[PDB]
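Colleague: Have a look at this one.
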Protein chains: 2
Amino acid sequence: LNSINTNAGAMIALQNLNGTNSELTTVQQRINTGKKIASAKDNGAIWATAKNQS
Amino acid sequence: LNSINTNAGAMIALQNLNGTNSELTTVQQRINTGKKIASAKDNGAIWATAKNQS
(Lines give C-alpha, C1' and ligand atoms only; values in the text may rest on other atoms or scores of the structure.)
Protein backbone atom coordinates (compact mmCIF):
# COMPACT_ATOMS: atom_id res chain seq x y z
CA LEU A 1 0.00 0.00 0.00
CA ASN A 2 1.68 3.17 -1.27
CA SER A 3 -1.17 5.45 -0.24
CA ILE A 4 -0.69 9.19 0.23
CA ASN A 5 -3.79 9.74 2.39
CA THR A 6 -2.87 7.50 5.34
CA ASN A 7 0.32 6.41 7.11
CA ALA A 8 -0.26 3.54 9.54
CA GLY A 9 3.42 3.04 10.35
CA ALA A 10 3.59 6.62 11.59
CA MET A 11 0.53 5.86 13.73
CA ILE A 12 2.14 2.90 15.50
CA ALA A 13 5.41 4.85 15.82
CA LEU A 14 3.50 7.67 17.51
CA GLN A 15 1.75 5.21 19.83
CA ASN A 16 5.12 3.81 20.92
CA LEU A 17 6.51 7.32 21.39
CA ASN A 18 3.56 8.29 23.61
CA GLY A 19 4.10 5.14 25.67
CA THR A 20 7.73 6.11 26.18
CA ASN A 21 6.69 9.66 27.09
CA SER A 22 4.20 8.36 29.66
CA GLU A 23 6.84 6.14 31.27
CA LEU A 24 9.29 9.05 31.38
CA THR A 25 6.70 11.33 32.99
CA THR A 26 5.94 8.69 35.62
CA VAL A 27 9.64 8.33 36.43
CA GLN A 28 9.96 12.13 36.58
CA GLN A 29 7.15 12.34 39.12
CA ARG A 30 8.56 9.45 41.16
CA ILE A 31 12.01 11.07 41.31
CA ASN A 32 10.93 14.59 42.19
CA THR A 33 8.48 13.27 44.79
CA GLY A 34 10.60 10.46 46.21
CA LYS A 35 7.56 8.18 46.58
CA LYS A 36 6.24 5.48 44.27
CA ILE A 37 2.71 5.97 45.66
CA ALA A 38 2.33 9.74 46.01
CA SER A 39 -1.42 9.88 45.35
CA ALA A 40 -4.55 7.74 45.19
CA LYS A 41 -4.02 7.34 41.44
CA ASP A 42 -0.78 5.41 42.00
CA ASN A 43 -2.47 2.66 44.04
CA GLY A 44 -5.55 3.45 46.10
CA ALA A 45 -5.44 0.72 48.74
CA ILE A 46 -1.82 1.16 49.79
CA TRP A 47 -2.19 4.94 49.61
CA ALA A 48 -5.18 4.85 51.97
CA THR A 49 -3.37 2.49 54.34
CA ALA A 50 -0.34 4.79 54.39
CA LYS A 51 -2.52 7.84 55.06
CA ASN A 52 -4.09 6.05 58.03
CA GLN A 53 -0.67 4.97 59.31
CA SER A 54 0.74 8.49 59.00
CA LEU B 1 -16.86 -1.13 -50.24
CA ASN B 2 -15.17 2.05 -51.50
CA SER B 3 -17.92 4.35 -50.25
CA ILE B 4 -17.36 8.09 -49.92
CA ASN B 5 -20.31 8.71 -47.57
CA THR B 6 -19.57 6.16 -44.82
CA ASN B 7 -16.27 5.38 -43.06
CA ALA B 8 -16.75 2.51 -40.60
CA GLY B 9 -13.05 2.19 -39.82
CA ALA B 10 -13.00 5.77 -38.59
CA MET B 11 -16.00 4.97 -36.38
CA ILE B 12 -14.25 1.98 -34.81
CA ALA B 13 -11.03 3.97 -34.34
CA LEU B 14 -12.97 6.78 -32.65
CA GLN B 15 -14.65 4.30 -30.31
CA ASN B 16 -11.27 2.87 -29.30
CA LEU B 17 -9.81 6.35 -28.82
CA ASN B 18 -12.78 7.34 -26.64
CA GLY B 19 -12.24 4.27 -24.48
CA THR B 20 -8.59 5.21 -24.07
CA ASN B 21 -9.63 8.76 -23.14
CA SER B 22 -12.03 7.48 -20.48
CA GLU B 23 -9.38 5.20 -18.96
CA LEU B 24 -6.88 8.07 -18.91
CA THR B 25 -9.38 10.36 -17.16
CA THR B 26 -10.10 7.67 -14.56
CA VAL B 27 -6.38 7.31 -13.84
CA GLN B 28 -6.02 11.10 -13.65
CA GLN B 29 -8.73 11.23 -10.99
CA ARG B 30 -7.25 8.31 -9.07
CA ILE B 31 -3.86 10.06 -9.03
CA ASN B 32 -4.90 13.60 -8.11
CA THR B 33 -7.30 12.37 -5.41
CA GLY B 34 -5.25 9.45 -4.10
CA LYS B 35 -8.42 7.36 -3.79
CA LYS B 36 -9.66 4.54 -5.99
CA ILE B 37 -13.18 5.14 -4.62
CA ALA B 38 -13.42 8.92 -4.29
CA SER B 39 -17.19 9.14 -4.82
CA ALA B 40 -20.40 7.14 -4.86
CA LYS B 41 -19.99 6.58 -8.60
CA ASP B 42 -16.74 4.63 -8.24
CA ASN B 43 -18.33 2.03 -5.96
CA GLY B 44 -21.49 2.85 -4.03
CA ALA B 45 -21.37 0.17 -1.35
CA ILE B 46 -17.70 0.50 -0.40
CA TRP B 47 -18.02 4.29 -0.47
CA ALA B 48 -20.99 4.04 1.90
CA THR B 49 -19.06 1.77 4.26
CA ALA B 50 -16.10 4.16 4.17
CA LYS B 51 -18.28 7.19 4.94
CA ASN B 52 -19.79 5.38 7.92
CA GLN B 53 -16.38 4.26 9.19
CA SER B 54 -14.93 7.76 8.81
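Chains: A, B, ... in order of the C-alpha coordinates. Residues: from 1 per chain. Ligands: from 1, in order shown.
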Mind dumping a table of every chain B residue within 10 Å of chain A, with the nearest atom pair and its distance in Å to one decimal, using only C-alpha atoms, sorted by chain and rising number, as CSV?

Modeller:
```
residue,atom,partner,partner_atom,distance
B:31,CA,A:4,CA,9.8
B:33,CA,A:5,CA,9.0
B:34,CA,A:4,CA,6.3
B:35,CA,A:5,CA,8.1
```

Colleague: Pairing the C-alpha atoms in order across the whole chain, superpose chain A onto chain B by least squares and write the result as a PDB file with N, CA, C and O atoms, in the first residue's frame.

Modeller:
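Okay, this is what ended up in out25.pdb:
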```
ATOM      1  N   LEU A   1     -16.008  -2.247 -50.097  1.00  0.00           N
ATOM      2  CA  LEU A   1     -16.813  -1.031 -50.089  1.00  0.00           C
ATOM      3  C   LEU A   1     -15.934   0.214 -50.112  1.00  0.00           C
ATOM      4  O   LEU A   1     -15.338   0.581 -49.099  1.00  0.00           O
ATOM      5  N   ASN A   2     -15.853   0.857 -51.275  1.00  0.00           N
ATOM      6  CA  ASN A   2     -15.107   2.102 -51.410  1.00  0.00           C
ATOM      7  C   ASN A   2     -16.052   3.295 -51.415  1.00  0.00           C
ATOM      8  O   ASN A   2     -15.977   4.153 -52.298  1.00  0.00           O
ATOM      9  N   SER A   3     -16.947   3.350 -50.433  1.00  0.00           N
ATOM     10  CA  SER A   3     -17.908   4.437 -50.345  1.00  0.00           C
ATOM     11  C   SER A   3     -17.232   5.730 -49.904  1.00  0.00           C
ATOM     12  O   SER A   3     -16.210   5.723 -49.213  1.00  0.00           O
ATOM     13  N   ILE A   4     -17.818   6.855 -50.321  1.00  0.00           N
ATOM     14  CA  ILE A   4     -17.359   8.171 -49.898  1.00  0.00           C
ATOM     15  C   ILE A   4     -18.310   8.834 -48.916  1.00  0.00           C
ATOM     16  O   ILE A   4     -18.005   9.922 -48.412  1.00  0.00           O
ATOM     17  N   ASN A   5     -19.454   8.214 -48.625  1.00  0.00           N
ATOM     18  CA  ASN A   5     -20.415   8.783 -47.690  1.00  0.00           C
ATOM     19  C   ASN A   5     -20.236   8.287 -46.261  1.00  0.00           C
ATOM     20  O   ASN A   5     -20.645   8.983 -45.326  1.00  0.00           O
ATOM     21  N   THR A   6     -19.647   7.110 -46.067  1.00  0.00           N
ATOM     22  CA  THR A   6     -19.471   6.541 -44.739  1.00  0.00           C
ATOM     23  C   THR A   6     -18.041   6.044 -44.589  1.00  0.00           C
ATOM     24  O   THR A   6     -17.334   5.815 -45.572  1.00  0.00           O
ATOM     25  N   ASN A   7     -17.618   5.881 -43.329  1.00  0.00           N
ATOM     26  CA  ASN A   7     -16.268   5.411 -43.023  1.00  0.00           C
ATOM     27  C   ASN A   7     -16.342   4.658 -41.690  1.00  0.00           C
ATOM     28  O   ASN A   7     -16.106   5.207 -40.613  1.00  0.00           O
ATOM     29  N   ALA A   8     -16.676   3.368 -41.777  1.00  0.00           N
ATOM     30  CA  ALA A   8     -16.846   2.563 -40.571  1.00  0.00           C
ATOM     31  C   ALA A   8     -15.540   2.399 -39.802  1.00  0.00           C
ATOM     32  O   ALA A   8     -15.538   2.473 -38.565  1.00  0.00           O
ATOM     33  N   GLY A   9     -14.426   2.198 -40.508  1.00  0.00           N
ATOM     34  CA  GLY A   9     -13.159   2.015 -39.822  1.00  0.00           C
ATOM     35  C   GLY A   9     -12.804   3.203 -38.954  1.00  0.00           C
ATOM     36  O   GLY A   9     -12.299   3.043 -37.839  1.00  0.00           O
ATOM     37  N   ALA A  10     -13.094   4.412 -39.439  1.00  0.00           N
ATOM     38  CA  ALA A  10     -12.922   5.595 -38.607  1.00  0.00           C
ATOM     39  C   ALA A  10     -13.834   5.553 -37.392  1.00  0.00           C
ATOM     40  O   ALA A  10     -13.450   6.016 -36.314  1.00  0.00           O
ATOM     41  N   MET A  11     -15.032   4.980 -37.533  1.00  0.00           N
ATOM     42  CA  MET A  11     -15.952   4.897 -36.403  1.00  0.00           C
ATOM     43  C   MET A  11     -15.396   3.998 -35.304  1.00  0.00           C
ATOM     44  O   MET A  11     -15.389   4.375 -34.126  1.00  0.00           O
ATOM     45  N   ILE A  12     -14.926   2.801 -35.667  1.00  0.00           N
ATOM     46  CA  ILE A  12     -14.352   1.927 -34.642  1.00  0.00           C
ATOM     47  C   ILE A  12     -13.059   2.512 -34.077  1.00  0.00           C
ATOM     48  O   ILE A  12     -12.785   2.380 -32.874  1.00  0.00           O
ATOM     49  N   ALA A  13     -12.256   3.182 -34.909  1.00  0.00           N
ATOM     50  CA  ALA A  13     -11.052   3.822 -34.392  1.00  0.00           C
ATOM     51  C   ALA A  13     -11.400   4.896 -33.369  1.00  0.00           C
ATOM     52  O   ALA A  13     -10.749   5.002 -32.322  1.00  0.00           O
ATOM     53  N   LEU A  14     -12.438   5.687 -33.645  1.00  0.00           N
ATOM     54  CA  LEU A  14     -12.884   6.687 -32.686  1.00  0.00           C
ATOM     55  C   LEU A  14     -13.427   6.054 -31.412  1.00  0.00           C
ATOM     56  O   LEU A  14     -13.189   6.576 -30.319  1.00  0.00           O
ATOM     57  N   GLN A  15     -14.150   4.939 -31.524  1.00  0.00           N
ATOM     58  CA  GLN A  15     -14.633   4.268 -30.321  1.00  0.00           C
ATOM     59  C   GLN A  15     -13.470   3.817 -29.442  1.00  0.00           C
ATOM     60  O   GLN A  15     -13.491   4.012 -28.218  1.00  0.00           O
ATOM     61  N   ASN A  16     -12.438   3.235 -30.056  1.00  0.00           N
ATOM     62  CA  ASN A  16     -11.266   2.820 -29.289  1.00  0.00           C
ATOM     63  C   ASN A  16     -10.566   4.019 -28.659  1.00  0.00           C
ATOM     64  O   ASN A  16     -10.113   3.950 -27.507  1.00  0.00           O
ATOM     65  N   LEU A  17     -10.469   5.125 -29.398  1.00  0.00           N
ATOM     66  CA  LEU A  17      -9.813   6.311 -28.858  1.00  0.00           C
ATOM     67  C   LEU A  17     -10.584   6.873 -27.670  1.00  0.00           C
ATOM     68  O   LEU A  17      -9.979   7.306 -26.683  1.00  0.00           O
ATOM     69  N   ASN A  18     -11.918   6.869 -27.737  1.00  0.00           N
ATOM     70  CA  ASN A  18     -12.705   7.336 -26.598  1.00  0.00           C
ATOM     71  C   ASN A  18     -12.567   6.403 -25.402  1.00  0.00           C
ATOM     72  O   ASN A  18     -12.566   6.859 -24.253  1.00  0.00           O
ATOM     73  N   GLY A  19     -12.449   5.095 -25.639  1.00  0.00           N
ATOM     74  CA  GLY A  19     -12.182   4.193 -24.528  1.00  0.00           C
ATOM     75  C   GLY A  19     -10.856   4.489 -23.851  1.00  0.00           C
ATOM     76  O   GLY A  19     -10.761   4.514 -22.614  1.00  0.00           O
ATOM     77  N   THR A  20      -9.817   4.745 -24.651  1.00  0.00           N
ATOM     78  CA  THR A  20      -8.522   5.111 -24.085  1.00  0.00           C
ATOM     79  C   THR A  20      -8.607   6.428 -23.319  1.00  0.00           C
ATOM     80  O   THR A  20      -8.019   6.568 -22.239  1.00  0.00           O
ATOM     81  N   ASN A  21      -9.343   7.401 -23.860  1.00  0.00           N
ATOM     82  CA  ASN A  21      -9.498   8.682 -23.178  1.00  0.00           C
ATOM     83  C   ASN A  21     -10.219   8.518 -21.847  1.00  0.00           C
ATOM     84  O   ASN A  21      -9.862   9.168 -20.857  1.00  0.00           O
ATOM     85  N   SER A  22     -11.241   7.663 -21.805  1.00  0.00           N
ATOM     86  CA  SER A  22     -11.955   7.427 -20.555  1.00  0.00           C
ATOM     87  C   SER A  22     -11.046   6.785 -19.516  1.00  0.00           C
ATOM     88  O   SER A  22     -11.051   7.188 -18.344  1.00  0.00           O
ATOM     89  N   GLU A  23     -10.252   5.791 -19.925  1.00  0.00           N
ATOM     90  CA  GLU A  23      -9.320   5.181 -18.978  1.00  0.00           C
ATOM     91  C   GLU A  23      -8.304   6.196 -18.469  1.00  0.00           C
ATOM     92  O   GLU A  23      -7.981   6.222 -17.273  1.00  0.00           O
ATOM     93  N   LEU A  24      -7.802   7.053 -19.359  1.00  0.00           N
ATOM     94  CA  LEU A  24      -6.830   8.054 -18.937  1.00  0.00           C
ATOM     95  C   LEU A  24      -7.449   9.054 -17.968  1.00  0.00           C
ATOM     96  O   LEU A  24      -6.804   9.462 -16.998  1.00  0.00           O
ATOM     97  N   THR A  25      -8.698   9.460 -18.209  1.00  0.00           N
ATOM     98  CA  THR A  25      -9.358  10.383 -17.291  1.00  0.00           C
ATOM     99  C   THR A  25      -9.578   9.740 -15.925  1.00  0.00           C
ATOM    100  O   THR A  25      -9.404  10.393 -14.886  1.00  0.00           O
ATOM    101  N   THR A  26      -9.946   8.457 -15.906  1.00  0.00           N
ATOM    102  CA  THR A  26     -10.110   7.768 -14.629  1.00  0.00           C
ATOM    103  C   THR A  26      -8.794   7.711 -13.864  1.00  0.00           C
ATOM    104  O   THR A  26      -8.761   7.962 -12.653  1.00  0.00           O
ATOM    105  N   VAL A  27      -7.695   7.403 -14.557  1.00  0.00           N
ATOM    106  CA  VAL A  27      -6.397   7.356 -13.888  1.00  0.00           C
ATOM    107  C   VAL A  27      -5.989   8.744 -13.406  1.00  0.00           C
ATOM    108  O   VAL A  27      -5.400   8.894 -12.329  1.00  0.00           O
ATOM    109  N   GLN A  28      -6.307   9.781 -14.184  1.00  0.00           N
ATOM    110  CA  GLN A  28      -6.019  11.150 -13.768  1.00  0.00           C
ATOM    111  C   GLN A  28      -6.719  11.474 -12.457  1.00  0.00           C
ATOM    112  O   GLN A  28      -6.111  12.016 -11.523  1.00  0.00           O
ATOM    113  N   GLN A  29      -8.013  11.158 -12.384  1.00  0.00           N
ATOM    114  CA  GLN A  29      -8.779  11.421 -11.172  1.00  0.00           C
ATOM    115  C   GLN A  29      -8.234  10.620  -9.996  1.00  0.00           C
ATOM    116  O   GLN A  29      -8.127  11.134  -8.875  1.00  0.00           O
ATOM    117  N   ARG A  30      -7.865   9.363 -10.237  1.00  0.00           N
ATOM    118  CA  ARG A  30      -7.379   8.524  -9.149  1.00  0.00           C
ATOM    119  C   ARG A  30      -6.021   8.995  -8.638  1.00  0.00           C
ATOM    120  O   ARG A  30      -5.727   8.850  -7.446  1.00  0.00           O
ATOM    121  N   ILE A  31      -5.183   9.555  -9.513  1.00  0.00           N
ATOM    122  CA  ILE A  31      -3.898  10.085  -9.068  1.00  0.00           C
ATOM    123  C   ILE A  31      -4.081  11.391  -8.304  1.00  0.00           C
ATOM    124  O   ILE A  31      -3.544  11.558  -7.204  1.00  0.00           O
ATOM    125  N   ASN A  32      -4.838  12.338  -8.865  1.00  0.00           N
ATOM    126  CA  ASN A  32      -4.912  13.631  -8.190  1.00  0.00           C
ATOM    127  C   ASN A  32      -5.812  13.604  -6.963  1.00  0.00           C
ATOM    128  O   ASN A  32      -5.786  14.557  -6.177  1.00  0.00           O
ATOM    129  N   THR A  33      -6.606  12.547  -6.778  1.00  0.00           N
ATOM    130  CA  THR A  33      -7.338  12.367  -5.532  1.00  0.00           C
ATOM    131  C   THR A  33      -6.587  11.493  -4.536  1.00  0.00           C
ATOM    132  O   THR A  33      -6.628  11.764  -3.331  1.00  0.00           O
ATOM    133  N   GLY A  34      -5.883  10.472  -5.013  1.00  0.00           N
ATOM    134  CA  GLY A  34      -5.230   9.526  -4.135  1.00  0.00           C
ATOM    135  C   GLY A  34      -6.111   8.404  -3.640  1.00  0.00           C
ATOM    136  O   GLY A  34      -5.675   7.627  -2.784  1.00  0.00           O
ATOM    137  N   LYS A  35      -7.337   8.296  -4.147  1.00  0.00           N
ATOM    138  CA  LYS A  35      -8.299   7.301  -3.700  1.00  0.00           C
ATOM    139  C   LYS A  35      -8.949   6.647  -4.907  1.00  0.00           C
ATOM    140  O   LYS A  35      -9.350   7.333  -5.851  1.00  0.00           O
ATOM    141  N   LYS A  36      -9.055   5.317  -4.879  1.00  0.00           N
ATOM    142  CA  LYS A  36      -9.703   4.603  -5.970  1.00  0.00           C
ATOM    143  C   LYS A  36     -11.220   4.610  -5.855  1.00  0.00           C
ATOM    144  O   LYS A  36     -11.900   4.255  -6.823  1.00  0.00           O
ATOM    145  N   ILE A  37     -11.762   4.995  -4.701  1.00  0.00           N
ATOM    146  CA  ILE A  37     -13.201   5.155  -4.522  1.00  0.00           C
ATOM    147  C   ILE A  37     -13.428   6.515  -3.877  1.00  0.00           C
ATOM    148  O   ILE A  37     -13.603   6.624  -2.658  1.00  0.00           O
ATOM    149  N   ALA A  38     -13.386   7.568  -4.688  1.00  0.00           N
ATOM    150  CA  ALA A  38     -13.514   8.930  -4.190  1.00  0.00           C
ATOM    151  C   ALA A  38     -14.950   9.428  -4.159  1.00  0.00           C
ATOM    152  O   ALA A  38     -15.199  10.510  -3.617  1.00  0.00           O
ATOM    153  N   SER A  39     -15.893   8.681  -4.720  1.00  0.00           N
ATOM    154  CA  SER A  39     -17.279   9.122  -4.776  1.00  0.00           C
ATOM    155  C   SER A  39     -18.171   7.900  -4.918  1.00  0.00           C
ATOM    156  O   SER A  39     -17.700   6.784  -5.144  1.00  0.00           O
ATOM    157  N   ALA A  40     -19.478   8.130  -4.777  1.00  0.00           N
ATOM    158  CA  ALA A  40     -20.437   7.037  -4.874  1.00  0.00           C
ATOM    159  C   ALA A  40     -20.435   6.407  -6.260  1.00  0.00           C
ATOM    160  O   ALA A  40     -20.816   5.241  -6.411  1.00  0.00           O
ATOM    161  N   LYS A  41     -20.023   7.158  -7.282  1.00  0.00           N
ATOM    162  CA  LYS A  41     -19.980   6.605  -8.631  1.00  0.00           C
ATOM    163  C   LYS A  41     -18.903   5.536  -8.775  1.00  0.00           C
ATOM    164  O   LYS A  41     -19.043   4.631  -9.606  1.00  0.00           O
ATOM    165  N   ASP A  42     -17.826   5.621  -7.995  1.00  0.00           N
ATOM    166  CA  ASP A  42     -16.761   4.629  -8.113  1.00  0.00           C
ATOM    167  C   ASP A  42     -17.247   3.249  -7.687  1.00  0.00           C
ATOM    168  O   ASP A  42     -17.080   2.268  -8.422  1.00  0.00           O
ATOM    169  N   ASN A  43     -17.863   3.157  -6.509  1.00  0.00           N
ATOM    170  CA  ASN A  43     -18.456   1.916  -6.030  1.00  0.00           C
ATOM    171  C   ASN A  43     -19.289   2.279  -4.808  1.00  0.00           C
ATOM    172  O   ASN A  43     -18.739   2.648  -3.766  1.00  0.00           O
ATOM    173  N   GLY A  44     -20.612   2.171  -4.923  1.00  0.00           N
ATOM    174  CA  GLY A  44     -21.484   2.761  -3.920  1.00  0.00           C
ATOM    175  C   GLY A  44     -21.402   2.090  -2.564  1.00  0.00           C
ATOM    176  O   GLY A  44     -21.404   2.763  -1.530  1.00  0.00           O
ATOM    177  N   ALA A  45     -21.328   0.757  -2.541  1.00  0.00           N
ATOM    178  CA  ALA A  45     -21.374   0.042  -1.269  1.00  0.00           C
ATOM    179  C   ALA A  45     -20.136   0.325  -0.425  1.00  0.00           C
ATOM    180  O   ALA A  45     -20.243   0.684   0.756  1.00  0.00           O
ATOM    181  N   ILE A  46     -18.951   0.172  -1.016  1.00  0.00           N
ATOM    182  CA  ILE A  46     -17.722   0.435  -0.278  1.00  0.00           C
ATOM    183  C   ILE A  46     -17.605   1.910   0.075  1.00  0.00           C
ATOM    184  O   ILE A  46     -17.103   2.259   1.148  1.00  0.00           O
ATOM    185  N   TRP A  47     -18.081   2.797  -0.799  1.00  0.00           N
ATOM    186  CA  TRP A  47     -18.041   4.220  -0.477  1.00  0.00           C
ATOM    187  C   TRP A  47     -18.913   4.534   0.731  1.00  0.00           C
ATOM    188  O   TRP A  47     -18.500   5.283   1.622  1.00  0.00           O
ATOM    189  N   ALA A  48     -20.118   3.959   0.787  1.00  0.00           N
ATOM    190  CA  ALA A  48     -20.990   4.188   1.935  1.00  0.00           C
ATOM    191  C   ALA A  48     -20.388   3.614   3.209  1.00  0.00           C
ATOM    192  O   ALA A  48     -20.440   4.249   4.274  1.00  0.00           O
ATOM    193  N   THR A  49     -19.801   2.419   3.117  1.00  0.00           N
ATOM    194  CA  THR A  49     -19.175   1.816   4.288  1.00  0.00           C
ATOM    195  C   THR A  49     -18.020   2.673   4.792  1.00  0.00           C
ATOM    196  O   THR A  49     -17.864   2.869   6.003  1.00  0.00           O
ATOM    197  N   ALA A  50     -17.214   3.210   3.875  1.00  0.00           N
ATOM    198  CA  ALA A  50     -16.107   4.071   4.271  1.00  0.00           C
ATOM    199  C   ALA A  50     -16.590   5.384   4.869  1.00  0.00           C
ATOM    200  O   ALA A  50     -15.968   5.895   5.804  1.00  0.00           O
ATOM    201  N   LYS A  51     -17.679   5.953   4.345  1.00  0.00           N
ATOM    202  CA  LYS A  51     -18.232   7.158   4.957  1.00  0.00           C
ATOM    203  C   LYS A  51     -18.678   6.885   6.386  1.00  0.00           C
ATOM    204  O   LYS A  51     -18.405   7.683   7.294  1.00  0.00           O
ATOM    205  N   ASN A  52     -19.352   5.754   6.608  1.00  0.00           N
ATOM    206  CA  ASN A  52     -19.771   5.408   7.963  1.00  0.00           C
ATOM    207  C   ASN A  52     -18.571   5.199   8.878  1.00  0.00           C
ATOM    208  O   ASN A  52     -18.569   5.659  10.026  1.00  0.00           O
ATOM    209  N   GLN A  53     -17.536   4.519   8.381  1.00  0.00           N
ATOM    210  CA  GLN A  53     -16.346   4.283   9.190  1.00  0.00           C
ATOM    211  C   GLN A  53     -15.644   5.587   9.540  1.00  0.00           C
ATOM    212  O   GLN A  53     -15.184   5.766  10.674  1.00  0.00           O
ATOM    213  N   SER A  54     -15.539   6.504   8.577  1.00  0.00           N
ATOM    214  CA  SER A  54     -14.887   7.781   8.837  1.00  0.00           C
ATOM    215  C   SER A  54     -15.675   8.599   9.849  1.00  0.00           C
ATOM    216  O   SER A  54     -15.089   9.224  10.740  1.00  0.00           O
TER     217      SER A  54
END
```

Colleague: From chain A, collect each residue whose DSSP state is alpha helix (DSSP H) and return the set as number ranges by chain.

Modeller: A: 8-33, 44-53
